[PDB]
Amino acid sequence: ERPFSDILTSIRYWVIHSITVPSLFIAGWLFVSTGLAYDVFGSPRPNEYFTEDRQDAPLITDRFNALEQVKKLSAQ
Amino acid sequence: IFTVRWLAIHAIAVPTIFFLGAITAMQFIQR
Amino acid sequence: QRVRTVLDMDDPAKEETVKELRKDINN
Amino acid sequence: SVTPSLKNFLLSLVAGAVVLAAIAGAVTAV
Amino acid sequence: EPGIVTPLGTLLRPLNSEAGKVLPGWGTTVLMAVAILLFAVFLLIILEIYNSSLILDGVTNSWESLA
Amino acid sequence: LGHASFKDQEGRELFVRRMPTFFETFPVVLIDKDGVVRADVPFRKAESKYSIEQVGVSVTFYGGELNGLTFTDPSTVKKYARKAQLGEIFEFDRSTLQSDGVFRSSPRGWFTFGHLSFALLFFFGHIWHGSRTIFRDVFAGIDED
Amino acid sequence: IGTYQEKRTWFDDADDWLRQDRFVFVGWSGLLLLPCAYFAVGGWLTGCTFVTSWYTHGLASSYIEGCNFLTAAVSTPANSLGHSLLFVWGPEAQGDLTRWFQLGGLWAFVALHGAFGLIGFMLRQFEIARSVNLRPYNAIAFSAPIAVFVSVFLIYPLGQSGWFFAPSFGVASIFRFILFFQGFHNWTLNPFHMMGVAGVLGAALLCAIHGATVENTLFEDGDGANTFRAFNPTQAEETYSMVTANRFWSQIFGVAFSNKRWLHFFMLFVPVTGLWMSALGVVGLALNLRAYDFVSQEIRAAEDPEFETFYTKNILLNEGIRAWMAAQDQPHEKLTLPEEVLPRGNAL
Amino acid sequence: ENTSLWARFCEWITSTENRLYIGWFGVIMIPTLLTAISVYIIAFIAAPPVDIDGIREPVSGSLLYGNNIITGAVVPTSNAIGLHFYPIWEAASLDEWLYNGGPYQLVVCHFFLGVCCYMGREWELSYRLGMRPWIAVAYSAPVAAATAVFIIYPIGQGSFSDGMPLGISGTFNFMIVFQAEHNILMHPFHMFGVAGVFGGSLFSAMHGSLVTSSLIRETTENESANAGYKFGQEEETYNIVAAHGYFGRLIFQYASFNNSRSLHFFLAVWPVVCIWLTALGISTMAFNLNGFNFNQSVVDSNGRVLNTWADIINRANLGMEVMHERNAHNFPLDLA
Amino acid sequence: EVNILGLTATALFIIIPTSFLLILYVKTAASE
Amino acid sequence: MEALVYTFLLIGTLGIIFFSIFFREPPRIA
Amino acid sequence: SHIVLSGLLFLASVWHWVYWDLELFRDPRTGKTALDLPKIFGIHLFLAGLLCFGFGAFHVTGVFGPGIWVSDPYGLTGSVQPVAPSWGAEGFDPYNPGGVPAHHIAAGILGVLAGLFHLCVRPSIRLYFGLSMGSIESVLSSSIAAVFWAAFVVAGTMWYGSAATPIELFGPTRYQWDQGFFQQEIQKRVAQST
Amino acid sequence: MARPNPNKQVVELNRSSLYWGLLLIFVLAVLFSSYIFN
Amino acid sequence: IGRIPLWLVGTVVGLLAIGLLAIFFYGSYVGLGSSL
Ligand code: CLA
Ligand code: CLA
Ligand code: CLA
Ligand code: CLA
Ligand SMILES: C=Cc1c(C)c2cc3nc(c4c5[nH]c(cc6nc(cc1[nH]2)C(C)=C6CC)c(C)c5C(=O)[C@@H]4C(=O)OC)[C@@H](CCC(=O)OC/C=C(\C)CCC[C@H](C)CCC[C@H](C)CCCC(C)C)[C@@H]3C
Ligand SMILES: CC(C)=CCC/C(C)=C/CC/C(C)=C/CC/C(C)=C/CC/C(C)=C/CC/C(C)=C/CC/C(C)=C/CC/C(C)=C/CC/C(C)=C/CC1=CC(=O)C(C)=C(C)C1=O
Ligand SMILES: CCCCCCCCCCCCCCCC(=O)OC[C@H](COP(=O)(O)OC[C@@H](O)CO)OC(=O)CCCCCCCCCCCCCCC
Ligand SMILES: CC1=C(/C=C/C(C)=C\C=C/C(C)=C/C=C/C=C(C)/C=C/C=C(C)/C=C/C2=C(C)CCCC2(C)C)C(C)(C)CCC1
Ligand code: OEX
Ligand SMILES: [Cl-]
Ligand SMILES: [Fe+2]
Ligand code: NA
């Protein structure tokens, strides 16, 4: 029935988990370290917070053209 | 296996490990 | 008449006006 | 005419139907 | 034990004379589900029109609509 | 009373920032056409170049009871600015009904509040009644089975 | 059903598969609860980790920017967006995911999926109670968290200017929301909130008292020093002395419970009633119908420079919260208020 | 044992036949709490205005001086006094004692002694009834919280004026000022306490639902289903076998709470330990240990301050800070 | 002076449910 | 009156809890 | 008229309290008391559709009734007038007064059709047992569900304004204040005149 | 089913319920009278 | 089944979790979010 006590003790679990868990950890590490998190989720880099034109907190101030405007005042 | 228990356990476990590796990577990010 | 002046006319009193929140990309 | 928001909403209806069909297929499987 | 026999009661008696009568199988539940799905789609359309998430050519969705 | 229009000492039209709905009270500021603060009714009244008595703003009015009455020197300018942060300045009779002073709600607001409260209470009522009609056998008794 | 032939269809097979004992119960409600709840928790964990709030609020609320668990949050959209549902396909995002994250659409995603997950969860409670043939008092009790969630995350922002004034999904975000209700609504002075506070405090009191009383009337039921192993689920006798408990609390407090029925119904009743009263109060606050002031007190203090109360002190504190919080709280309002018009006390 | 004065007194005090048990802890609980009740009621009804901040600016707090139940409060002791033990005999007159805040000190001291002896009396009745004694240990958490807000926090801040006012609006005032100066929301012990009351309500609702749902038929849609048998039988009703199955099937059927004793121990221990934690959080913030301070923790590559929800909380906190005691500060840095 | 509206509301909210509950208790205790 | 109503309500609540403590129905079945 | 109706309904209530054991409420097949709830629902839906169609085709259109309140977009001039129905997408404009007669006509026709369908067609056994259609508590739960759905809808339209919520009757809107509706119109009029 | 109503029932209110109702009414009045008088 | 002790597995997972929490607390004093 595998009541979660025998599987954790068995080596069959840890043979296939000595690769999957470290590979996922390394995948997350590279996902952060390659800038892919910034590119995918749109968070600005520490050097990409203030553009030369605006030096204050950005404001969306529009609804139906919000996509075009956020493309305008984002970090290019 | 690939039963309901496997699917639920892995749907919890895999993104948590991915996010934990991501956060451990972000611990060494400096401005 | 002057849509630029009346937009600036209502600029100081109230920042939440529809006339401001629409077409704010061009400003 | 057919506004882009309406076209996107109809595509969203199609996508929601696809998701519901996928959930039905997954529960008919296993 | 005999109920109050009434003129209007025996007039309206057939409309209450088949309580518990049902159709075998699932009946028209498929057509019911189709109508419910169409109703949900229509409710989504009017909700998004009133939410201004569904812009239409003739719908202004503002107080000028009654101008 | 009319549209309270405010001018600087040298001459430029200032505007009182209107009160939003979230604020029970709001600071009285008069800002420029460009969007820069030029005067206010200050709390501290001992600093800067924004108090009314040193900026020198004047209120003109262009409406019914006040059509050409310009006030520049006294605290009536500050009073009219505070009234102008509430929108158009109107004359009110507070002695007929012995009026309170605090703003009341509209029938629209009362209707909406009563109906939303009743709507949640009836959500609970529907949940309870659906519970009772699906679970009639256990709400009455299952007889040791 | 009901002594009928009932030729089988696809529904009977689907019901048989869904209503089975597993590691996790699925049921029909699992067609909604499992995806909606998984997406809500995953979206919250993703927004707290990667999705920024620099565009909408002008602040950092994610782990990629330097925020803690108590600090990062899934922030609400901008006030200029209003009550837009903020679909990915909607007119705002226009099918662009990386800008949909930047536009605050993840908040709407998490909120709608959490609402439907709560719906699916209390449906699951109904389904499991029907499967085990028990009354759905768990669902009746869970109706109050659903009411609180609906009134707080839906009804209040729908009554206000937009989703921007809704609670952002986080910790410091919720603290901001709480302080905003203190400064702008005087939420402590609201009698419905007082009823909710009384309900929660009384429920915690009831939990502690009931647990301590049962654990201190546990009977012998064994010889070892650990009473936990003295319990047997097979036996048909009560594990604690209700008579002893009733006499103890009658001579300590004056009143005591005599019915386990009434005791546990009261334990169910107090927090549900408190949370429902607080939900009604938040509904009242959705339209700014707040119990902010006491007219007699304010007129008395207006005509008297001597009359002061703690309520007047609270009113003065709320004024400072509003004045010193609005400028950095609402960037849409563009409140560039100078420091001299902001109120100050002496020397601080 | 029957013809002796101290004997008859001892077996009257320790008697379990009293309507309310007195005991040797009750001989101290009853007079102090009756004194506190009398003085609190009389002060709440007709207390003259009292100068809380030591700046000759009294606040009313009493109904006959023009306020309601919500805004009426027995106001704390004067700041000029400090924690200098001001009873009636240390005053030259009752009017002076009332103007300086002596009723608050009297009620707080008597209330602290009364709740401590109430805990001792709970232990004493558990001992005299053959019970187990840890109901007093469970009660030690609200006593700790009351001590933290009425005694320990004034000790740490150096003045009984810092004590929580005996009222409702005064309680809110104490809350807001405490927020402004200690950032209680960002204090982990306070988060533990909030989680404790929320989980206490959660577990109370769960326990009530599971015990009220798991029944066999003994009460019908009428008052009672006694048709099977009337009162006077030991054939027990209820269930904890199907209730545990329902709770298991609710999530994953492995978090086993099949032991009723373990379940009730958890119900007892969780809000008690969390209220212990939040009371000690208040006691630590009495000595200005304060909450988390993440103001301007997030800076960019050039070093500009990126705003934060913690920064918004900071703005609200300093807005509270400039309002508190508008006239009681002469120097910039708030230390006393 | 005197808020007679508040007085009437408070007096009615006290009198009507208390009298209703007292009448129910009296008729319950009269017929066991 | 203002304070009289508050005093009356408070002493009414205190009288109710006093009657509940002392003149309660005697407990039956456990 | 409402007071006289209240008195007549009071008298009818007294008559139904006294005369409750009517043979109309008795099942002819078994002799026990029962209600044919699907048929009652069909009759009630037919009547509701007839009322909706009449209110939308005769009252609000002004062919027999007076119409409804139509006002200025800024609430200056308003009066009770007949309203021509709007059958296009503009009929789903919440602020279009023409969408109310069109809605009531179409919904009345559809309600009449559904009432005829429920009058003629019995429910299936599976659906009858699943929803407990033989019980009055189930229809109580469903009716309460529809009722607070409608309550949420009317509260939303009340708060956000609609054609059925005139400004001259219910006051202005908080969104009209926040969005500078009247202020913008006043400034536009002043600018056009100047 | 006959001249009397078979659904005839009586209402039962014991002293604990009377105390709870009176306490609820008086506590609600205590809480809300400060706001009704305002 | 029973090849590696369950207490040893739980102990190793406990050290990994404690080390991860230590890294998380150390990262609050360096890099982003370190207020410097
Ligand atoms: C949902 C239905 C509804 C709505 C939206 C309104 C709305 C309104 N009514 Mg009305 N009314 C209603 C039903 C409703 N009423 C009913 C059913 C009656 C018959 C009793 C009345 C009788 C009535 C009168 C006589 C008057 C109004 C008036 C008004 C207007 C003034 C605002 C107000 O009500 O005061 C404030 C509303 C409240 C404070 C609501 C109370 C909040 C909660 C529910 C109280 C909690 C009860 C508490 C537990 C009891 C303890 C208190 C106790 C100590 C006294 C307003 C637009 C006044 C008016 O303008 O004249 C035309 C007016 O004098 N109404
Ligand atoms: C049109 C809606 C509706 C209808 C027809 C019913 C009908 C019924 N309910 Mg129900 N209920 C509803 C809504 C409704 N409810 C809502 C919205 C809630 C949430 C608050 C509840 C919560 C509820 C519970 C918890 C229970 C019932 C019960 C019952 C059953 C009889 C008990 C009874 O009423 O005795 C008489 C009720 C009283 C004497 C109440 C005293 C008067 C109250 C305190 C104040 C009344 C306010 C005022 C006078 C009226 C204005 C309200 C109006 C504007 C909405 C009955 C069939 C009981 C049951 O399940 O049957 C066994 C039960 O315990 N209901
Ligand atoms: C199956 C569970 C489920 C449920 C209940 C939801 C529910 C929801 N999602 Mg979600 N989603 C899901 C799964 C689910 N989702 C999955 C698996 C994904 C990954 C692909 C997503 C990704 C996703 C995104 C990216 C977004 C949502 C959003 C939403 C919300 C609004 C959706 C909407 O407005 O369109 C409505 C959908 C429907 C009305 C369903 C259409 C049904 C059609 C009409 C059936 C017709 C077919 C017919 C039978 C064909 C035969 C006829 C033919 C022969 C002629 C909503 C509450 C949005 C949101 O969160 O708002 C901010 C959004 O942005 N979802
Ligand atoms: C001869 C019958 C009759 C007539 C002509 C009127 C006429 C009127 N009544 Mg009225 N009323 C009546 C009977 C009647 N009443 C009865 C019997 C009652 C007791 C229940 C009431 C109780 C009542 C109240 C409390 C009020 C009125 C009010 C009014 C006035 C305004 C109505 C209004 O605008 O609200 C709008 C009407 C509605 C919004 C009804 C909508 C119906 C919903 C949407 C049905 C939806 C569910 C439905 C089953 C779905 C069907 C499916 C579909 C496909 C068909 C108006 C003069 C108001 C007034 O001003 O006082 C004088 C007022 O507040 N009446
Ligand atoms: C802050 C307080 C609080 C929290 C966190 C909480 C949490 C929970 N309550 C549950 C249950 C309950 N709670 C109950 C009564 C109460 N609960 C209360 C207060 C709380 N209850 C109170 C005060 C009461 C008394 C009325 C009952 C009666 C039950 C149950 O029966 C139920 C249970 O079985 O317990 C184990 C659990 C199952 C819910 C679930 O999976 O939904 C499924 C739906 C999900 C997961 C999606 C919803 C997502 C949410 C609503 C929006 C997104 C939020 C993000 C995911 C996270 C944001 C976090 C930041 C805000 C910090 C869950 C752990
Ligand atoms: C001059 C004067 C008097 C000055 C005072 C002025 C002033 C400050 C007035 C106070 C105002 C006041 C009354 C405020 C309260 C107002 C307020 C917020 C009201 C809320 C009203 C309300 C309806 C709220 C809804 C939520 C709700 C229902 C809460 C109820 C809370 C409640 C009653 C909790 C229970 C409290 C309680 C002590 C529990 C009893 C526990 C107990 C004794 C168990 C005994 C016991 C345990 C066992 O385990 C077993 C086994 C047995 C056998 C057993 O027996
Ligand atoms: C020196 C002793 C120190 C303690 C004295 C103070 C204790 C006061 C007694 C508690 C109140 C009595 C509750 C009446 C209600 C009453 O007597 O009901 C009676 C009830 C007993 O119920 P039964 O077990 O008999 O239930 C079965 C019945 O349905 C059949 O008879 O008591 C309880 O519900 C348990 C205790 C709840 C007590 C809740 C506390 C409520 C707080 C009250 C605060 C008043 C407002 C503040 C004052 C302005
Ligand atoms: C977004 C989105 C989405 C969704 C997604 C999902 C649903 C997923 C996920 C996910 C997840 C789900 C993630 C996670 C995370 C997690 C974490 C990050 C964790 C942690 C941390 C910590 C710190 C911990 C600690 C602890 C505790 C407290 C418990 C036990 C012990 C330990 C130590 C472990 C999609 C794409 C659909 C699209 C739309 C949007
Ligand atoms: O007295 Mn009450 O309170 Ca402890 O801080 Mn410093 O001094 Mn006052 O200030 Mn904030
Ligand atoms: Cl203060
Ligand atoms: Fe129990
Ligand atoms: Na000061």
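Indexing begins at 1, ligand by ligand and atom by atom, following the structure's order. No hydrogens, no waters, no symmetry mates; every other heavy atom, side chains included, goes into these values. Residue numbering restarts at 1 for every chain, and letters A, B, ... go by the order of the sequence lines.
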Protein non-hydrogen atom found under 4.0 Å from atom 10 (Mg) of ligand 2: yes

Measuring centre to centre across the rings, with the benzene-like ring taken for any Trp, is F:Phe135 within less than 6.0 Å of F:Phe139? no

Proximity flag G:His113 to ligand 5, non-hydrogen atoms under 4.0 Å: no

Around atom 3 (C) of ligand 2, find the nearest protein heavy atom and jot down its residue, atom name and distance. K:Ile144 CD1, 3.6 Å

According to the interplanar angle, ranging from 0 to 90°, do the rings of B:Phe19 and G:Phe50 count as parallel (below 30°), tilted (30 to 60°) or perpendicular (above 60°)? perpendicular

Take the angle between the ring planes of H:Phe247 and H:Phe257 and call it parallel below 30°, perpendicular above 60°, tilted in between. parallel

Quick one: nearest non-hydrogen protein atom to atom 58 (C) of ligand 2, plus distance? F:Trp128 NE1, 4.0 Å

Quick one: nearest non-hydrogen protein atom to atom 54 (C) of ligand 2, plus distance? F:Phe118 CZ, 3.9 Å

Where the closest heavy atom to atom 6 (C) of ligand 5 is concerned, which of H:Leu202, H:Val194, G:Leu70 has it? H:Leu202

Nearest non-hydrogen contact to atom 29 (C) of ligand 5 from the set G:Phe109, G:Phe142, G:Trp44 belongs to G:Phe142

Would you say the side-chain atoms of H:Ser204 pair up with the backbone N or O of H:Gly200, donor to acceptor, closer than 3.5 Å? no

Please verify the inter-ring angle class for G:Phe109 with G:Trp100; under 30° counts as parallel, over 60° as perpendicular, anything in between as tilted. perpendicular

Closer than 4.0 angstrom: is that true for some heavy atom of M:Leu21 and an atom of ligand 8? no

Please work out which of the three classes, parallel, tilted or perpendicular, describes the rings of H:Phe266 and H:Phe203, given edges at 30° and 60°. tilted

Please determine whether any non-hydrogen atom of G:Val200 lies less than 4.0 Å from an atom of ligand 5. no

Heavy-atom protein contact below 4.0 Å for atom 43 (C) of ligand 2: no

Which residue and heavy atom of the protein sit nearest atom 9 (C) of ligand 8, plus the separation: G:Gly42 CA, 3.6 Å

Pick, from F:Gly125, I:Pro17, G:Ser143, the option with the minimum heavy-atom distance to atom 18 (C) of ligand 2. F:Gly125

Closest protein heavy atom (residue, atom, distance) for atom 17 (C) of ligand 2: F:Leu121 O, 3.2 Å

Can you tell me if K:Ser141 uses its side chain to pair, donor with acceptor, with the backbone of K:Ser138 under 3.5 Å? yes

So for F:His129 against ligand 2, with non-hydrogen atoms under 4.0 Å, the contacting part is side chain

Classify the angle between the aromatic ring planes of F:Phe111 and F:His115 as parallel (below 30°), tilted (30 to 60°) or perpendicular (above 60°). parallel

Against heavy atoms of G:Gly117, which atoms of ligand 5 measure under 4.0 Å? 44 (C)

Under 4.0 Å, heavy-atom basis, I'd like to know which part of M:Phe24 is in contact with ligand 8: side chain, backbone, both or neither. side chain

State whether the shortest distance between N or O atoms of H:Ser201 and N or O atoms of ligand 5 falls below 3.5 angstrom. no

Would you call the rings of G:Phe69 and G:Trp44 parallel, tilted or perpendicular, taking 30° and 60° as the class edges? perpendicular

Quick look: K:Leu140 vs ligand 2, heavy-atom contacts under 4.0 Å, and the answer is side chain

Side chain, backbone, both or neither: which part of G:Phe153 has a heavy atom under 4.0 Å from ligand 5? neither

Does atom 40 (C) of ligand 2 have any protein heavy atom closer than 4.0 Å? no

Is atom 7 (C) of ligand 2 less than 4.0 angstrom from some protein heavy atom? yes

Give a yes or no on whether atom 12 (C) of ligand 8 lies under 4.0 Å from any heavy atom of the protein. yes

Which segment of B:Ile23 sits under 4.0 Å of ligand 8 when only heavy atoms are counted: side chain

Looking at G:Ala141, G:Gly199, H:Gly200, the heavy atom closest to atom 28 (C) of ligand 5 belongs to G:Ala141

Hey, does B:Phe18 sit under 4.0 Å from ligand 8 if you only count heavy atoms? no

Does G:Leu33 have a heavy atom less than 4.0 Å from any atom of ligand 5? yes

Are there protein heavy-atom neighbours of atom 14 (C) of ligand 2 below 4.0 Å? yes

May I ask whether atom 52 (C) of ligand 2 is less than 4.0 Å from at least one protein heavy atom? no

Hey, is G:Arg130 close enough to F:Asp137 for a salt bridge, meaning N to O under 4.0 Å? yes

Heavy-atom distance from atom 47 (C) of ligand 2 to the protein below 4.0 Å? no

Mark whether atom 32 (C) of ligand 2 lies under 4.0 angstrom from at least one protein heavy atom. no

Counting non-hydrogen protein atoms only, what is the nearest one to atom 55 (C) of ligand 2? Give residue, atom name and distance. F:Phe122 CE1, 4.1 Å

